[PDB]
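In what follows, a structure is listed as structure tokens, so that the remarks can point back to it.
Residue numbers (the working numbering): -10 to 70.
This is the structure we're talking about:
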């Protein structure tokens, strides 16, 4: 999703709360993955979400979309602001 309407200051809880996965926050926190400024750095692959607990499809594809949709991402084409 090249587009997205979100806040420029959201934490793990709130972030996951916007998608309804705040319940799995504990898993994303106990795995030292709470770093919101790493969602774009860390691999954040399916296996990563599975190792923490998120082994669901609607929970893996969602966390991967909201994670990659974040700023500071490897430019692939067409620069923007």
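Yeah, the Cβ is synthetic: ideal placement off N, Cα and C, and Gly gets one too.
Residue i in three-state terms, based on DSSP
i, result
"residue 55", "helix"
"residue 35", "helix"
"residue -5", "coil"
"residue 15", "helix"
"residue 46", "helix"
"residue 40", "helix"
"residue 5", "helix"
Cutoff 8 Å; reference residue i; Cβ partners in own chain excluding five residues on either side
i, result
"residue 20", "40 and 41"
Spatial neighbours of residue i in its chain, beta-carbon cut-off 7 Å, leaving aside the 5 residues before and after
i, result
"residue 1", "14, 17, 18, 23 and 25"
"residue 59", "28 and 29"
Short Cβ contact (9 Å threshold) for residue i with residue j
i, j, result
"residue 33", "residue 53", "yes"
Cut-off 6 Å between Cβ atoms - residues of its own chain near residue i, not counting five sequence neighbours on either side
i, result
"residue 5", "11 and 14"
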